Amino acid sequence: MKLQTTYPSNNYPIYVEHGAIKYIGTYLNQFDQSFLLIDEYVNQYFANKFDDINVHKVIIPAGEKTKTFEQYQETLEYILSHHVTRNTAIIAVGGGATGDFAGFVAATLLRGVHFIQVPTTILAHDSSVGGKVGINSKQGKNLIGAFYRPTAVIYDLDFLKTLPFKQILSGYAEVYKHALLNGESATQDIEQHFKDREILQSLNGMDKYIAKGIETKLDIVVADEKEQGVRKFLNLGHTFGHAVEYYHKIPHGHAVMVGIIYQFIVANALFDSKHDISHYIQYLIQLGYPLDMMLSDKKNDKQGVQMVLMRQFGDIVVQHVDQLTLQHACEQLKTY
């Protein structure tokens, strides 16, 4: 299984399969040099699997810790003291935090070097695609960054077999977000597969759902690349997610999910949609999600918050929302 971009020119591949880590050599030795940027923890996890392969490993901080200015500068400089060249490659081995970061590096190093994505998490089935590199600020989630099409995406599904539930739940939220953006057909289909923590935690049939969630996006991104129209949809529930996250430091997905319900709550308070909140709540409980726990966003336009609201499957929209509505929802949600 392989997917590829559809843009007019400068298109990259997305090898999605078990053992795709093999596809990596086929490029590597066609570069002057190559820097391996890898998660501190992830490096532990698979340090050996890479020995099997003009290559300098660069171990970076674990997760979100790596996405800071401080860390961007330090790295670059290091990578610079190697009299590098435009034909050099940056290889992101890890979660979206590793890619988002490394990529930014690869996007700026000498105005643009080669970028290779070796996503290792479930959530990375979204982060590895689109080329939305960038880092964090003291003002929020990724305010500094860029769009930089990766040279290619190597998604070796074997990486996943070692993900704590905490990270499985995190990532799935995206696989699920994508299902949601495919109308009912995919939503209630996926719901009927991963209907409980047991089945989920087992990773059984995740191959199927990830592959689609990606393709789903693959179409949106290949279309509205610079997020001018539809790419704005992918920000489903992040309006509230991105917030609750950077403000509760829970795993990305956890906040997304939450925000994803919030969105619905607000859909009802606006278009009086027939959203069965209680249904989505039991879904998160049955799935095993925790369940005990905004003015600066990217879709925002000077006037107030802009949310990606679903009025019904196959009918997503974006628009302002008075803090008024944002209350009853973030209060109706408090009744849980």
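The numbering used is simple: start at 1 and walk along the sequence shown.
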- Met293-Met294 interval: deposited residues absent from the model: 10 or more
- For the neighbouring pair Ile53 and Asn54, the stretch of deposited sequence with no coordinates amounts to 4 to 9
- Task: Averaging the C-alpha B factors as listed in the entry, name the stretch that ends up higher: 238-246 or 95-103.
- Result: 238-246
- Mean CA B-factor: is it higher for 76-84 or for 152-160? 76-84
- Highest-ranked of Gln71, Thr121, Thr108, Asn204 once sorted by CA temperature factor in the record: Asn204
- Query: If you rank every modelled residue in this chain by C-alpha B factor, which third holds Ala47: lowest, middle or highest?
  - Reply: highest
- Query: What third of the chain, by the recorded C-alpha B-factor, contains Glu198?
  - Reply: lowest
- Task: Place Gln117 in the lowest, middle or highest third of its chain's C-alpha B-factors, as listed in the PDB entry.
- Result: lowest
- Message: Using only modelled residues of the chain, where does the Cα B factor of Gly288 rank: lowest third, middle third or highest third?
- Response: lowest
- Note on the structure: On the chain's distribution of Cα B-factors, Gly213 falls within the third called middle
